[PDB]
file entry.csv (CSV, C-alpha atoms and all ligand atoms)
chain,number,residue,atom,x,y,z
Y,2,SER,CA,-24.0,48.7,80.7
Y,3,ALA,CA,-25.1,51.3,78.2
Y,4,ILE,CA,-28.6,49.8,77.9
Y,5,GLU,CA,-29.1,49.8,81.7
Y,6,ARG,CA,-27.9,53.4,81.9
Y,7,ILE,CA,-29.9,54.7,79.0
Y,8,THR,CA,-33.3,53.1,79.9
Y,9,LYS,CA,-33.6,54.6,83.3
Y,10,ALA,CA,-36.8,56.8,83.5
Y,11,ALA,CA,-34.8,59.9,84.2
Y,12,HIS,CA,-32.2,59.5,81.4
Y,13,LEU,CA,-32.1,61.8,78.4
Y,14,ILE,CA,-29.9,60.6,75.6
Y,15,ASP,CA,-27.4,63.2,74.5
Y,16,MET,CA,-24.1,63.4,72.6
Y,17,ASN,CA,-22.2,61.9,75.5
Y,18,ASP,CA,-24.1,58.6,74.9
Y,19,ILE,CA,-23.2,58.5,71.2
Y,20,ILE,CA,-20.0,56.6,70.4
Y,21,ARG,CA,-17.7,57.8,67.6
Y,22,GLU,CA,-15.3,56.3,65.0
Y,23,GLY,CA,-12.7,54.1,66.6
Y,24,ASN,CA,-15.0,52.3,69.0
Y,25,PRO,CA,-15.2,48.8,67.5
Y,26,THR,CA,-18.9,48.5,68.2
Y,27,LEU,CA,-19.6,50.6,65.1
Y,28,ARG,CA,-17.8,48.0,63.0
Y,29,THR,CA,-19.6,45.0,64.5
Y,30,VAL,CA,-22.7,43.2,63.2
Y,31,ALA,CA,-25.5,43.8,65.7
Y,32,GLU,CA,-27.5,41.0,67.2
Y,33,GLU,CA,-31.1,40.4,66.3
Y,34,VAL,CA,-33.5,41.0,69.1
Y,35,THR,CA,-35.8,38.1,70.2
Y,36,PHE,CA,-39.5,38.4,70.9
Y,37,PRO,CA,-41.1,39.2,73.2
Y,38,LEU,CA,-38.9,42.3,73.7
Y,39,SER,CA,-37.7,43.1,77.2
Y,40,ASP,CA,-38.9,46.3,78.8
Y,41,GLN,CA,-35.4,47.7,78.4
Y,42,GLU,CA,-35.5,47.0,74.6
Y,43,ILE,CA,-38.8,48.8,74.4
Y,44,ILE,CA,-37.7,51.7,76.5
Y,45,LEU,CA,-34.5,51.9,74.4
Y,46,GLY,CA,-36.3,52.4,71.2
Y,47,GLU,CA,-38.5,55.1,72.8
Y,48,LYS,CA,-35.4,56.9,74.2
Y,49,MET,CA,-33.8,56.9,70.8
Y,50,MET,CA,-36.9,58.5,69.2
Y,51,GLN,CA,-37.0,61.0,72.0
Y,52,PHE,CA,-33.4,61.9,71.2
Y,53,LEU,CA,-34.3,62.5,67.6
Y,54,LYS,CA,-37.3,64.8,68.6
Y,55,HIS,CA,-35.1,66.7,71.0
Y,56,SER,CA,-32.4,67.1,68.4
Y,57,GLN,CA,-34.9,68.6,65.9
Y,58,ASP,CA,-36.3,71.1,68.4
Y,59,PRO,CA,-33.8,74.1,68.1
Y,60,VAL,CA,-34.4,75.3,71.7
Y,61,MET,CA,-33.9,71.8,73.2
Y,62,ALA,CA,-31.1,71.0,70.8
Y,63,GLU,CA,-29.2,74.2,71.9
Y,64,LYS,CA,-29.9,73.5,75.6
Y,65,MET,CA,-28.7,69.8,75.4
Y,66,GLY,CA,-25.9,70.5,73.0
Y,67,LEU,CA,-27.3,68.2,70.3
Y,68,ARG,CA,-26.6,67.9,66.6
Y,69,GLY,CA,-29.9,67.6,64.8
Y,70,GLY,CA,-30.5,64.2,63.4
Y,71,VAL,CA,-33.0,62.2,61.4
Y,72,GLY,CA,-32.0,58.6,62.4
Y,73,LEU,CA,-30.2,56.7,65.1
Y,74,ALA,CA,-29.1,53.1,65.5
Y,75,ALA,CA,-28.5,51.3,68.7
Y,76,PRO,CA,-24.8,50.5,67.9
Y,77,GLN,CA,-24.2,54.2,68.0
Y,78,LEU,CA,-25.1,54.0,71.7
Y,79,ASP,CA,-22.7,51.1,72.2
Y,80,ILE,CA,-25.6,48.7,72.2
Y,81,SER,CA,-25.0,45.9,69.6
Y,82,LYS,CA,-28.7,45.2,68.9
Y,83,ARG,CA,-30.7,45.5,65.7
Y,84,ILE,CA,-32.8,48.5,66.7
Y,85,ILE,CA,-33.2,51.8,64.8
Y,86,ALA,CA,-35.2,54.9,65.0
Y,87,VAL,CA,-36.0,57.2,62.1
Y,88,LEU,CA,-37.6,60.7,62.2
Y,89,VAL,CA,-37.6,62.3,58.7
Y,90,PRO,CA,-39.2,65.7,58.7
Y,91,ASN,CA,-41.4,66.9,55.8
Y,92,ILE,CA,-40.1,69.7,53.7
Y,98,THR,CA,-46.3,74.9,56.0
Y,99,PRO,CA,-46.0,71.1,55.8
Y,100,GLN,CA,-49.4,69.4,56.5
Y,101,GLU,CA,-47.7,66.8,58.8
Y,102,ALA,CA,-44.4,67.3,60.7
Y,103,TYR,CA,-42.8,64.0,59.7
Y,104,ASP,CA,-42.4,62.2,56.4
Y,105,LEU,CA,-41.5,59.0,58.4
Y,106,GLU,CA,-41.5,58.3,62.1
Y,107,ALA,CA,-40.7,54.8,63.2
Y,108,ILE,CA,-38.9,52.6,65.8
Y,109,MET,CA,-37.8,49.4,64.0
Y,110,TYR,CA,-36.7,46.1,65.5
Y,111,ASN,CA,-34.8,43.7,63.3
Y,112,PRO,CA,-35.3,45.8,60.1
Y,113,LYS,CA,-34.4,44.0,56.9
Y,114,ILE,CA,-34.4,45.1,53.3
Y,115,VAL,CA,-36.4,42.4,51.4
Y,116,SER,CA,-36.5,44.0,48.0
Y,117,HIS,CA,-34.7,46.9,46.3
Y,118,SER,CA,-34.8,48.8,43.0
Y,119,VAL,CA,-32.2,48.3,40.2
Y,120,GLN,CA,-31.9,52.1,40.3
Y,121,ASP,CA,-29.5,53.6,42.8
Y,122,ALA,CA,-29.8,56.9,44.6
Y,123,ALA,CA,-27.6,59.4,46.5
Y,124,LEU,CA,-28.2,62.6,48.4
Y,125,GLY,CA,-26.8,65.5,46.3
Y,126,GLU,CA,-25.2,67.1,49.4
Y,127,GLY,CA,-23.6,63.8,50.6
Y,128,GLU,CA,-24.1,62.4,54.1
Y,129,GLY,CA,-22.8,62.9,57.6
Y,130,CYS,CA,-23.1,60.8,60.7
Y,131,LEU,CA,-23.5,61.5,64.4
Y,132,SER,CA,-20.7,59.1,65.0
Y,133,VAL,CA,-18.3,60.9,62.6
Y,134,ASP,CA,-16.8,64.1,63.9
Y,135,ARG,CA,-15.6,65.3,60.5
Y,136,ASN,CA,-16.8,65.8,56.9
Y,137,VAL,CA,-16.2,63.3,54.2
Y,138,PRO,CA,-17.4,64.6,50.8
Y,139,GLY,CA,-19.0,62.5,48.0
Y,140,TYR,CA,-22.1,60.7,46.8
Y,141,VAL,CA,-23.1,57.9,49.2
Y,142,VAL,CA,-24.5,55.3,46.7
Y,143,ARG,CA,-27.6,53.5,47.9
Y,144,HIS,CA,-30.7,51.8,46.5
Y,145,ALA,CA,-33.2,54.2,45.2
Y,146,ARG,CA,-36.2,52.3,46.6
Y,147,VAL,CA,-36.4,49.6,49.3
Y,148,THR,CA,-39.1,47.3,50.8
Y,149,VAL,CA,-38.3,47.0,54.5
Y,150,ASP,CA,-39.7,44.4,56.9
Y,151,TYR,CA,-39.4,45.2,60.6
Y,152,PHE,CA,-41.1,44.5,63.9
Y,153,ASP,CA,-42.7,47.1,66.2
Y,154,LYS,CA,-42.3,47.4,70.0
Y,155,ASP,CA,-45.5,45.2,70.3
Y,156,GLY,CA,-44.0,42.5,68.2
Y,157,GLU,CA,-46.2,43.1,65.1
Y,158,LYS,CA,-44.6,42.7,61.7
Y,159,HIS,CA,-44.6,45.6,59.2
Y,160,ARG,CA,-43.7,45.7,55.5
Y,161,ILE,CA,-43.2,49.2,54.1
Y,162,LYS,CA,-42.0,50.7,50.9
Y,163,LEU,CA,-39.6,53.7,50.9
Y,164,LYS,CA,-38.3,56.1,48.3
Y,165,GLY,CA,-36.6,59.5,48.2
Y,166,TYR,CA,-35.1,60.7,51.5
Y,167,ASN,CA,-36.8,58.1,53.6
Y,168,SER,CA,-35.2,55.3,51.7
Y,169,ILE,CA,-31.7,56.9,52.2
Y,170,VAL,CA,-32.2,57.4,55.9
Y,171,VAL,CA,-33.4,53.9,56.7
Y,172,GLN,CA,-30.5,52.4,54.6
Y,173,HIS,CA,-28.0,54.5,56.6
Y,174,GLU,CA,-29.3,53.1,59.8
Y,175,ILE,CA,-29.5,49.5,58.6
Y,176,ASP,CA,-25.8,50.0,57.5
Y,177,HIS,CA,-25.0,50.8,61.2
Y,178,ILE,CA,-26.5,47.5,62.4
Y,179,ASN,CA,-24.3,45.7,59.8
Y,180,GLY,CA,-21.1,47.6,60.8
Y,181,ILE,CA,-21.0,49.8,57.7
Y,182,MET,CA,-20.4,53.6,57.7
Y,183,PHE,CA,-21.6,56.0,55.1
Y,184,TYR,CA,-18.1,56.7,53.6
Y,185,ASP,CA,-17.8,53.0,52.8
Y,186,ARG,CA,-20.2,53.7,49.9
Y,187,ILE,CA,-18.5,56.7,48.4
Y,188,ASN,CA,-16.6,56.0,45.2
Y,189,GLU,CA,-12.9,55.9,46.2
Y,190,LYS,CA,-11.7,57.0,42.7
Y,191,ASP,CA,-14.1,59.8,42.0
Y,192,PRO,CA,-16.3,60.7,45.1
Y,193,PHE,CA,-18.8,62.6,42.8
Y,194,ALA,CA,-19.1,60.2,39.9
Y,195,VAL,CA,-22.6,59.7,38.5
Y,196,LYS,CA,-23.0,56.2,37.0
Y,197,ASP,CA,-25.8,55.1,34.7
Y,198,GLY,CA,-28.9,54.5,36.8
Y,199,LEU,CA,-27.8,56.6,39.8
Y,200,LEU,CA,-30.4,59.2,40.8
Y,201,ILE,CA,-29.0,62.2,42.6
Y,202,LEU,CA,-31.5,63.6,45.0
Y,301,LIG,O1,-27.1,57.1,62.0
Y,301,LIG,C1,-27.6,58.3,62.0
Y,301,LIG,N1,-26.9,59.4,61.9
Y,301,LIG,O2,-25.5,59.3,61.8
Y,301,LIG,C2,-27.4,60.7,61.9
Y,301,LIG,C3,-27.5,61.3,60.4
Y,301,LIG,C4,-28.5,60.4,59.5
Y,301,LIG,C5,-28.7,61.0,58.1
Y,301,LIG,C6,-27.5,61.5,57.4
Y,301,LIG,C7,-27.8,61.4,55.9
Y,301,LIG,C8,-28.8,60.3,55.8
Y,301,LIG,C9,-29.3,59.9,57.2
Y,301,LIG,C10,-28.0,62.7,60.5
Y,301,LIG,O3,-29.2,62.9,60.9
Y,301,LIG,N2,-27.2,63.7,60.3
Y,301,LIG,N3,-25.9,63.5,60.0
Y,301,LIG,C11,-25.0,64.1,61.0
Y,301,LIG,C12,-25.3,65.5,61.3
Y,301,LIG,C13,-26.5,66.0,60.4
Y,301,LIG,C14,-27.7,65.1,60.5
Y,301,LIG,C15,-28.8,65.5,59.6
Y,301,LIG,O4,-28.9,65.1,58.4
Y,301,LIG,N4,-29.7,66.3,60.2
Y,301,LIG,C16,-30.9,66.9,59.7
Y,301,LIG,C17,-31.2,66.8,58.3
Y,301,LIG,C18,-32.4,67.4,57.9
Y,301,LIG,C19,-33.3,67.9,58.9
Y,301,LIG,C20,-32.8,67.9,60.2
Y,301,LIG,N5,-31.7,67.4,60.6
Y,302,NI,NI,-24.9,57.5,61.2

call {"tool": "encode", "arguments": {"input": "entry.csv", "output": "structure tokens", "more": "lines below"}}
Ligand SMILES: O=CN(O)C[C@@H](CC1CCCC1)C(=O)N1NCCC[C@H]1C(=O)Nc1ccccn1
Ligand code: NI
result
Amino acid sequence: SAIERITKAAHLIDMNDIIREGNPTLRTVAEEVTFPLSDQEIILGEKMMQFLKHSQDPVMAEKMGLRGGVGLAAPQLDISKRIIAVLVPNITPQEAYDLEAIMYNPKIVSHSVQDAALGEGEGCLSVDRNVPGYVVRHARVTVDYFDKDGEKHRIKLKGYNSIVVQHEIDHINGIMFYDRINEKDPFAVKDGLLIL
């Protein structure tokens, strides 16, 4: 299985572990994890974060053939579990990362009326092509999740962090970024939509 393969001590996640469009796992609703977590579920989250860090190191990324990424969801590894990792760099920054988290069973429990979209659109490590347009999301979200120790966290996100976490939560619900582009005018700006 993918989880057995990926959670070996020696394994480094790379693009050959990341499934692409067409694989039905990307369109399936992922299963909640139960607590306590298995060792494999803990290691998996750690391996996903290690992938993100490798992908943001230009030297390592070049050596491993990685596309640089800011989030990853377990279904993208063919693992239908509600586990995500997010690593959003800060834009000379005092700290490297705006947000660094491995989240188990993440859930949006509140959201703003205002919407938001990245001005440059979105891409996805599972999508080997460009789809232009504003990916319409909630501007701000309150997210509950559990950490690898089983502790519950409630966080509030805005800006880029909010977008990234919603992209990954979509993956665990079988949703892809282009599902949220307006089919009639990909660059429409509706009332209450904040373009970032
Ligand atoms: O499910 C998760 N994914 O599909 C990986 C995606 C997640 C983000 C896309 C937009 C919102 C969340 C991802 O990270 N990207 N999209 C594919 C290739 C580019 C890459 C990216 O934005 N890279 C980046 C940006 C700034 C700094 C460093 N790297
Ligand atoms: Ni994606």

call {"tool": "closest_residue", "arguments": {"input": "entry.csv", "among": "Y:172, Y:81, Y:132, Y:57", "to": "residue 20 (chain Y)", "atoms": "all atoms listed in the file"}}
result
Y:132

call {"tool": "residues_near_ligand", "arguments": {"input": "entry.csv", "ligand": "ligand NI 302 (chain Y)", "cutoff": "7 Å", "atoms": "only C-alpha atoms and all ligand atoms", "output": "JSON, numbers by chain"}}
result
{"Y": [73, 129, 130, 131, 132, 173, 174, 177, 182]}

call {"tool": "closest_atom_pairs", "arguments": {"input": "entry.csv", "of": "chain Y", "to": "ligand LIG 301 (chain Y)", "cutoff": "9 Å", "atoms": "all atoms listed in the file", "output": "JSON lines"}}
result
{"residue": "Y:53", "atom": "CA", "partner": "Y:LIG301", "partner_atom": "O3", "distance": 8.4}
{"residue": "Y:56", "atom": "CA", "partner": "Y:LIG301", "partner_atom": "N5", "distance": 7.8}
{"residue": "Y:57", "atom": "CA", "partner": "Y:LIG301", "partner_atom": "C20", "distance": 6.1}
{"residue": "Y:68", "atom": "CA", "partner": "Y:LIG301", "partner_atom": "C12", "distance": 6.0}
{"residue": "Y:69", "atom": "CA", "partner": "Y:LIG301", "partner_atom": "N5", "distance": 4.6}
{"residue": "Y:70", "atom": "CA", "partner": "Y:LIG301", "partner_atom": "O3", "distance": 3.1}
{"residue": "Y:71", "atom": "CA", "partner": "Y:LIG301", "partner_atom": "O3", "distance": 3.9}
{"residue": "Y:72", "atom": "CA", "partner": "Y:LIG301", "partner_atom": "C1", "distance": 4.4}
{"residue": "Y:73", "atom": "CA", "partner": "Y:LIG301", "partner_atom": "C1", "distance": 4.4}
{"residue": "Y:74", "atom": "CA", "partner": "Y:LIG301", "partner_atom": "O1", "distance": 5.7}
{"residue": "Y:75", "atom": "CA", "partner": "Y:LIG301", "partner_atom": "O1", "distance": 9.0}
{"residue": "Y:77", "atom": "CA", "partner": "Y:LIG301", "partner_atom": "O1", "distance": 7.3}
{"residue": "Y:85", "atom": "CA", "partner": "Y:LIG301", "partner_atom": "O1", "distance": 8.6}
{"residue": "Y:86", "atom": "CA", "partner": "Y:LIG301", "partner_atom": "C1", "distance": 8.8}
{"residue": "Y:87", "atom": "CA", "partner": "Y:LIG301", "partner_atom": "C1", "distance": 8.5}
{"residue": "Y:88", "atom": "CA", "partner": "Y:LIG301", "partner_atom": "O3", "distance": 8.8}
{"residue": "Y:89", "atom": "CA", "partner": "Y:LIG301", "partner_atom": "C19", "distance": 7.1}
{"residue": "Y:90", "atom": "CA", "partner": "Y:LIG301", "partner_atom": "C19", "distance": 6.3}
{"residue": "Y:91", "atom": "CA", "partner": "Y:LIG301", "partner_atom": "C19", "distance": 8.7}
{"residue": "Y:92", "atom": "CA", "partner": "Y:LIG301", "partner_atom": "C19", "distance": 8.7}
{"residue": "Y:124", "atom": "CA", "partner": "Y:LIG301", "partner_atom": "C7", "distance": 7.6}
{"residue": "Y:127", "atom": "CA", "partner": "Y:LIG301", "partner_atom": "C7", "distance": 7.2}
{"residue": "Y:128", "atom": "CA", "partner": "Y:LIG301", "partner_atom": "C7", "distance": 4.2}
{"residue": "Y:129", "atom": "CA", "partner": "Y:LIG301", "partner_atom": "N3", "distance": 4.0}
{"residue": "Y:130", "atom": "CA", "partner": "Y:LIG301", "partner_atom": "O2", "distance": 3.0}
{"residue": "Y:131", "atom": "CA", "partner": "Y:LIG301", "partner_atom": "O2", "distance": 3.9}
{"residue": "Y:132", "atom": "CA", "partner": "Y:LIG301", "partner_atom": "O2", "distance": 5.8}
{"residue": "Y:133", "atom": "CA", "partner": "Y:LIG301", "partner_atom": "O2", "distance": 7.4}
{"residue": "Y:134", "atom": "CA", "partner": "Y:LIG301", "partner_atom": "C11", "distance": 8.7}
{"residue": "Y:141", "atom": "CA", "partner": "Y:LIG301", "partner_atom": "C7", "distance": 8.9}
{"residue": "Y:166", "atom": "CA", "partner": "Y:LIG301", "partner_atom": "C8", "distance": 7.6}
{"residue": "Y:167", "atom": "CA", "partner": "Y:LIG301", "partner_atom": "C9", "distance": 8.5}
{"residue": "Y:169", "atom": "CA", "partner": "Y:LIG301", "partner_atom": "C8", "distance": 5.7}
{"residue": "Y:170", "atom": "CA", "partner": "Y:LIG301", "partner_atom": "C9", "distance": 4.0}
{"residue": "Y:171", "atom": "CA", "partner": "Y:LIG301", "partner_atom": "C9", "distance": 7.3}
{"residue": "Y:172", "atom": "CA", "partner": "Y:LIG301", "partner_atom": "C9", "distance": 8.0}
{"residue": "Y:173", "atom": "CA", "partner": "Y:LIG301", "partner_atom": "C9", "distance": 5.6}
{"residue": "Y:174", "atom": "CA", "partner": "Y:LIG301", "partner_atom": "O1", "distance": 5.1}
{"residue": "Y:175", "atom": "CA", "partner": "Y:LIG301", "partner_atom": "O1", "distance": 8.7}
{"residue": "Y:176", "atom": "CA", "partner": "Y:LIG301", "partner_atom": "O1", "distance": 8.5}
{"residue": "Y:177", "atom": "CA", "partner": "Y:LIG301", "partner_atom": "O1", "distance": 6.7}
{"residue": "Y:182", "atom": "CA", "partner": "Y:LIG301", "partner_atom": "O2", "distance": 8.7}
{"residue": "Y:183", "atom": "CA", "partner": "Y:LIG301", "partner_atom": "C7", "distance": 8.3}

call {"tool": "write_last_selection", "arguments": {"input": "entry.csv", "atoms": "C-alpha atoms", "output": "compact mmCIF listing (two decimals), in the frame of the given file"}}
result
# COMPACT_ATOMS: atom_id res chain seq x y z
CA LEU Y 53 -34.30 62.50 67.60
CA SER Y 56 -32.40 67.10 68.40
CA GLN Y 57 -34.90 68.60 65.90
CA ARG Y 68 -26.60 67.90 66.60
CA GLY Y 69 -29.90 67.60 64.80
CA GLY Y 70 -30.50 64.20 63.40
CA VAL Y 71 -33.00 62.20 61.40
CA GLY Y 72 -32.00 58.60 62.40
CA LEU Y 73 -30.20 56.70 65.10
CA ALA Y 74 -29.10 53.10 65.50
CA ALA Y 75 -28.50 51.30 68.70
CA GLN Y 77 -24.20 54.20 68.00
CA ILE Y 85 -33.20 51.80 64.80
CA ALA Y 86 -35.20 54.90 65.00
CA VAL Y 87 -36.00 57.20 62.10
CA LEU Y 88 -37.60 60.70 62.20
CA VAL Y 89 -37.60 62.30 58.70
CA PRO Y 90 -39.20 65.70 58.70
CA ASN Y 91 -41.40 66.90 55.80
CA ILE Y 92 -40.10 69.70 53.70
CA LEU Y 124 -28.20 62.60 48.40
CA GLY Y 127 -23.60 63.80 50.60
CA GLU Y 128 -24.10 62.40 54.10
CA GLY Y 129 -22.80 62.90 57.60
CA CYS Y 130 -23.10 60.80 60.70
CA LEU Y 131 -23.50 61.50 64.40
CA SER Y 132 -20.70 59.10 65.00
CA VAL Y 133 -18.30 60.90 62.60
CA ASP Y 134 -16.80 64.10 63.90
CA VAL Y 141 -23.10 57.90 49.20
CA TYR Y 166 -35.10 60.70 51.50
CA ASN Y 167 -36.80 58.10 53.60
CA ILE Y 169 -31.70 56.90 52.20
CA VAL Y 170 -32.20 57.40 55.90
CA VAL Y 171 -33.40 53.90 56.70
CA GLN Y 172 -30.50 52.40 54.60
CA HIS Y 173 -28.00 54.50 56.60
CA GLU Y 174 -29.30 53.10 59.80
CA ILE Y 175 -29.50 49.50 58.60
CA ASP Y 176 -25.80 50.00 57.50
CA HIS Y 177 -25.00 50.80 61.20
CA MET Y 182 -20.40 53.60 57.70
CA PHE Y 183 -21.60 56.00 55.10

call {"tool": "residues_near_point", "arguments": {"input": "entry.csv", "point": "(-28.9, 69.4, 76.6)", "cutoff": "9 Å", "atoms": "all atoms listed in the file", "output": "VMD selection string"}}
result
chain Y and resid 13 to 16 55 61 to 67

call {"tool": "closest_residue", "arguments": {"input": "entry.csv", "among": "Y:2, Y:17, Y:35, Y:26", "to": "residue 111 (chain Y)", "atoms": "only C-alpha atoms"}}
result
Y:35

call {"tool": "atom_distance", "arguments": {"input": "entry.csv", "atom1": "CA of residue 79 (chain Y)", "atom2": "CA of residue 115 (chain Y)"}}
result
26.4 Å

call {"tool": "atom_distance", "arguments": {"input": "entry.csv", "atom1": "CA of residue 199 (chain Y)", "atom2": "CA of residue 121 (chain Y)"}}
result
4.6 Å

call {"tool": "closest_residue", "arguments": {"input": "entry.csv", "among": "Y:139, Y:165, Y:125, Y:23", "to": "residue 185 (chain Y)", "atoms": "all atoms listed in the file"}}
result
Y:139

call {"tool": "closest_atom_pairs", "arguments": {"input": "entry.csv", "of": "region 32-119 of chain Y", "to": "region 154-158 of chain Y", "cutoff": "8 Å", "atoms": "only C-alpha atoms", "output": "Markdown table"}}
result
| residue | atom | partner | partner_atom | distance |
| --- | --- | --- | --- | --- |
| Y:36 | CA | Y:156 | CA | 6.7 |
| Y:37 | CA | Y:156 | CA | 6.7 |
| Y:38 | CA | Y:154 | CA | 7.2 |
| Y:43 | CA | Y:154 | CA | 5.8 |
| Y:46 | CA | Y:154 | CA | 7.9 |
| Y:108 | CA | Y:154 | CA | 7.5 |
| Y:109 | CA | Y:154 | CA | 7.8 |
| Y:110 | CA | Y:154 | CA | 7.3 |

call {"tool": "closest_residue", "arguments": {"input": "entry.csv", "among": "Y:39, Y:116, Y:98, Y:136", "to": "residue 4 (chain Y)", "atoms": "all atoms listed in the file"}}
result
Y:39

call {"tool": "atom_distance", "arguments": {"input": "entry.csv", "atom1": "CA of residue 112 (chain Y)", "atom2": "CA of residue 47 (chain Y)"}}
result
16.1 Å

call {"tool": "closest_residue", "arguments": {"input": "entry.csv", "among": "Y:161, Y:122, Y:145, Y:10", "to": "residue 44 (chain Y)", "atoms": "all atoms listed in the file"}}
result
Y:10

call {"tool": "residues_around", "arguments": {"input": "entry.csv", "residues": "residue 191 (chain Y)", "least_positions_apart": "2", "cutoff": "12 Å", "atoms": "all atoms listed in the file", "output": "list in words"}}
result
residues 138, 139, 140, 141, 186, 187, 188, 189, 193, 194, 195 and 196 of chain Y

call {"tool": "residues_around", "arguments": {"input": "entry.csv", "residues": "residue 180 (chain Y)", "least_positions_apart": "6", "cutoff": "10 Å", "atoms": "only C-alpha atoms", "output": "list in words"}}
result
residues 25, 26, 27, 28, 29, 30, 31, 76, 81 and 174 of chain Y

call {"tool": "decode", "arguments": {"input": "entry.csv", "residues": "region 132-143 of chain Y", "atoms": "N, CA, C and O atoms", "output": "PDB file, in the first residue's frame"}}
result
ATOM      1  N   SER Y 132      -1.229  17.879  -8.334  1.00  0.00           N
ATOM      2  CA  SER Y 132      -1.899  16.759  -8.982  1.00  0.00           C
ATOM      3  C   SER Y 132      -2.432  17.112 -10.366  1.00  0.00           C
ATOM      4  O   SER Y 132      -3.050  16.258 -11.016  1.00  0.00           O
ATOM      5  N   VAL Y 133      -2.188  18.334 -10.834  1.00  0.00           N
ATOM      6  CA  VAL Y 133      -2.770  18.863 -12.071  1.00  0.00           C
ATOM      7  C   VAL Y 133      -1.620  19.311 -12.961  1.00  0.00           C
ATOM      8  O   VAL Y 133      -0.987  20.343 -12.702  1.00  0.00           O
ATOM      9  N   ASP Y 134      -1.346  18.536 -14.010  1.00  0.00           N
ATOM     10  CA  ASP Y 134      -0.188  18.757 -14.876  1.00  0.00           C
ATOM     11  C   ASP Y 134      -0.559  19.623 -16.081  1.00  0.00           C
ATOM     12  O   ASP Y 134      -0.366  19.253 -17.236  1.00  0.00           O
ATOM     13  N   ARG Y 135      -1.100  20.799 -15.775  1.00  0.00           N
ATOM     14  CA  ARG Y 135      -1.581  21.763 -16.751  1.00  0.00           C
ATOM     15  C   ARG Y 135      -2.047  22.986 -15.979  1.00  0.00           C
ATOM     16  O   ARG Y 135      -2.248  22.931 -14.762  1.00  0.00           O
ATOM     17  N   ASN Y 136      -2.205  24.092 -16.697  1.00  0.00           N
ATOM     18  CA  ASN Y 136      -2.644  25.350 -16.115  1.00  0.00           C
ATOM     19  C   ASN Y 136      -4.118  25.560 -16.436  1.00  0.00           C
ATOM     20  O   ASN Y 136      -4.541  25.360 -17.578  1.00  0.00           O
ATOM     21  N   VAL Y 137      -4.897  25.937 -15.423  1.00  0.00           N
ATOM     22  CA  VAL Y 137      -6.293  26.337 -15.605  1.00  0.00           C
ATOM     23  C   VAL Y 137      -6.449  27.752 -15.063  1.00  0.00           C
ATOM     24  O   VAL Y 137      -6.377  27.961 -13.842  1.00  0.00           O
ATOM     25  N   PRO Y 138      -6.669  28.745 -15.916  1.00  0.00           N
ATOM     26  CA  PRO Y 138      -6.689  30.131 -15.447  1.00  0.00           C
ATOM     27  C   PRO Y 138      -8.017  30.479 -14.788  1.00  0.00           C
ATOM     28  O   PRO Y 138      -9.055  29.860 -15.031  1.00  0.00           O
ATOM     29  N   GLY Y 139      -7.959  31.495 -13.931  1.00  0.00           N
ATOM     30  CA  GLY Y 139      -9.159  32.010 -13.300  1.00  0.00           C
ATOM     31  C   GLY Y 139      -9.084  32.169 -11.792  1.00  0.00           C
ATOM     32  O   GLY Y 139      -8.235  31.557 -11.133  1.00  0.00           O
ATOM     33  N   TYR Y 140      -9.979  32.984 -11.235  1.00  0.00           N
ATOM     34  CA  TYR Y 140     -10.044  33.206  -9.792  1.00  0.00           C
ATOM     35  C   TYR Y 140     -10.707  32.012  -9.124  1.00  0.00           C
ATOM     36  O   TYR Y 140     -11.852  31.668  -9.443  1.00  0.00           O
ATOM     37  N   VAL Y 141      -9.988  31.392  -8.192  1.00  0.00           N
ATOM     38  CA  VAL Y 141     -10.507  30.284  -7.401  1.00  0.00           C
ATOM     39  C   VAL Y 141     -11.171  30.880  -6.163  1.00  0.00           C
ATOM     40  O   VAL Y 141     -10.490  31.341  -5.244  1.00  0.00           O
ATOM     41  N   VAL Y 142     -12.500  30.873  -6.141  1.00  0.00           N
ATOM     42  CA  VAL Y 142     -13.266  31.626  -5.150  1.00  0.00           C
ATOM     43  C   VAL Y 142     -13.355  30.827  -3.855  1.00  0.00           C
ATOM     44  O   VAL Y 142     -13.868  29.703  -3.845  1.00  0.00           O
ATOM     45  N   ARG Y 143     -12.907  31.431  -2.750  1.00  0.00           N
ATOM     46  CA  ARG Y 143     -12.848  30.766  -1.446  1.00  0.00           C
ATOM     47  C   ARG Y 143     -13.374  31.715  -0.372  1.00  0.00           C
ATOM     48  O   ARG Y 143     -13.683  32.881  -0.639  1.00  0.00           O
TER      49      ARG Y 143
END
